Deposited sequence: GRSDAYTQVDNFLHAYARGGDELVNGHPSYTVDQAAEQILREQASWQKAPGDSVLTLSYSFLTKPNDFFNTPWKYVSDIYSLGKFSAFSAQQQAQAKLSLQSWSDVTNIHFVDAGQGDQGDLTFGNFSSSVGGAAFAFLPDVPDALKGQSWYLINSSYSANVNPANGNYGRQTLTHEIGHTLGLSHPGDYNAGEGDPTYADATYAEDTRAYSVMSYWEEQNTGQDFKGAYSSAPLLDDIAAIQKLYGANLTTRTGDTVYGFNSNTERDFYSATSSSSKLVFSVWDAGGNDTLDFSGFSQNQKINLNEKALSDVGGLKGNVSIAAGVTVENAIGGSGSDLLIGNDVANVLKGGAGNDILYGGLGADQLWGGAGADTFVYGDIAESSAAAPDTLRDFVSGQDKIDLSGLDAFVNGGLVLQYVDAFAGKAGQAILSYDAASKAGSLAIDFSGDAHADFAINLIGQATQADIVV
């Protein structure tokens, strides 16, 4: 029967499932694309005039009240006095630029610094008298006198916007409000200051802060846990939504990029600095050989290298994801007992310390167990072909395990392995060799190998689980 090691792989491959024909939390479950469409329901966007396919938008930080601040009721209904005006502080301006950068990273927009004043296509400013919310912005379908404007609440009762920083609510709010100015809405028909909106009023299940920064609702609603942290940058569904409007940015991080620990992203939200770092990000990456490095964590982690998939990283749940259309090649686990699932291409998987379960998937994968009793799992024959097999780079006999219990020939076929020196034309015959080693199995029974695994360090029959 199927081993527990295989079961854990299969369960995490289908973890945080979306789509499907059943109601989730009393809502229909949406795919990433369906969620993106709903986010863009207002059909609001900036029109490309200087050049198509690439948009250029200027931004500035107001130094004095504008015409809208002075008399809001002349322009908008149900907004009267915004209180005291204050310019964006030095910290606010630097964090706004990082929020702006995180948007331009993922889509074809170039943000130009227009300095201090009312110059920019997008403007930023603080207000003190709340209109039911912590901040507000206008979508780009409004008249020119309001287009691009975002406003943020600062008073003695609300201080979240005063000191924005990586992982806090002040930063997310900035990313959220700029999202509005670019043309994104809340994933549901709800608004702060209007009645009593809850997660029950969402249009779809994946309307949480695990999938979109435009959402009001906490990640716990869809089974995630960020332990108090907020996403600083666009999440899975945000990326899909904004790319529908202004395209995918295929110039971003085209070289070999490391995410998590030892990061070369130069992005605070993509980077881990200590064993306590609370990571929340969705990877947008245009090309190259890329690595998820979570070696500095001690907790038991679950890492999924497939696109659109969510991972459990550094004591958090469903906090790391990979954007649609992104290929990430490599994963490095921490000192805890980790689960590492690869994707369709060639993957380098490193477990590190602890008892790790590695699943290369399709392609010829380089699998490092590290210290401890590690399990290398196979669910399909095509995952390690005789012509292009996996390599187990640090296999230790009597400690590590080759798991084949999930294979169709064992679960349903009822096949028993016969270890031999030559294939006589029988199903299940296996040749185990050593010099460096190799395991080659003839599952069909045509005297030719259809499944193989390359070995660095010898393996025995006892190291193979069926």
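Asker: Do you know which deposited regions have no coordinates at all?
Answerer: Counting from residue 1, the one stretch without coordinates is 436-439.
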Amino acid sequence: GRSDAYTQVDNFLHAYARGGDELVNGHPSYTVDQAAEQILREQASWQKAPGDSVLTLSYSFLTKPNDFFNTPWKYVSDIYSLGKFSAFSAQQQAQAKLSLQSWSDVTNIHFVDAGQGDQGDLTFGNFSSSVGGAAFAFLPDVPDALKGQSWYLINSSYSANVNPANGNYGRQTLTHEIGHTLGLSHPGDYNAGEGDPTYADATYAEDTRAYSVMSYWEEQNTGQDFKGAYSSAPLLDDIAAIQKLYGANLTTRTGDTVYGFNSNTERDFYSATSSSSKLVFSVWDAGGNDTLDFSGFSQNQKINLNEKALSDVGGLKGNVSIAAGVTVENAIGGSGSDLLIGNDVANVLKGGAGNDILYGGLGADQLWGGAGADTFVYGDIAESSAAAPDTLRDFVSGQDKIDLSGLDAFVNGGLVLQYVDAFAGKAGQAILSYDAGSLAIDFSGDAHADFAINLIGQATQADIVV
From here on, numbers count along this sequence of modelled residues.
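Asker: So, looking at the entry's B-factor column for Cα atoms, which has the higher mean, 74-82 or 355-363?
Answerer: Higher mean C-alpha B-factor: 74-82.
Asker: When the C-alpha temperature factors are averaged for each of 190-198 and 160-168, which stretch ends up with the higher value in the entry?
Answerer: Higher mean C-alpha B-factor: 190-198.
Asker: By the entry's C-alpha temperature factors, tell me which of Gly132, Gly183, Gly318, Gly247 sits highest.
Answerer: Of the options given, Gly132 has the highest CA B-factor in the PDB entry.
Asker: If you rank every modelled residue in this chain by C-alpha B factor, which third holds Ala388: lowest, middle or highest?
Answerer: Answer is highest: the recorded C-alpha B-factor places it there.
Asker: Can you work out whether the C-alpha temperature factor of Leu57 puts it in the lowest, middle or highest third of the chain?
Answerer: According to the entry, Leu57 has a C-alpha B-factor in the chain's middle third.
Asker: Ranking the modelled residues of this chain by C-alpha B-factor as given in the entry, is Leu439 in the lowest, middle or highest third?
Answerer: Highest third - that is where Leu439 ends up once the chain's C-alpha B-factors are sorted.
Asker: Sorting by Cα B-factor within the chain, modelled residues only, which third would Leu432 end up in: lowest, middle or highest?
Answerer: Highest third - that is where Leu432 ends up once the chain's C-alpha B-factors are sorted.
Asker: Report the third (lowest, middle or highest) to which the CA temperature factor of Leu415 belongs, ranking only the modelled residues of the same chain.
Answerer: For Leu415, whose C-alpha B-factor we compare with every modelled residue in the chain, the answer is the highest third.
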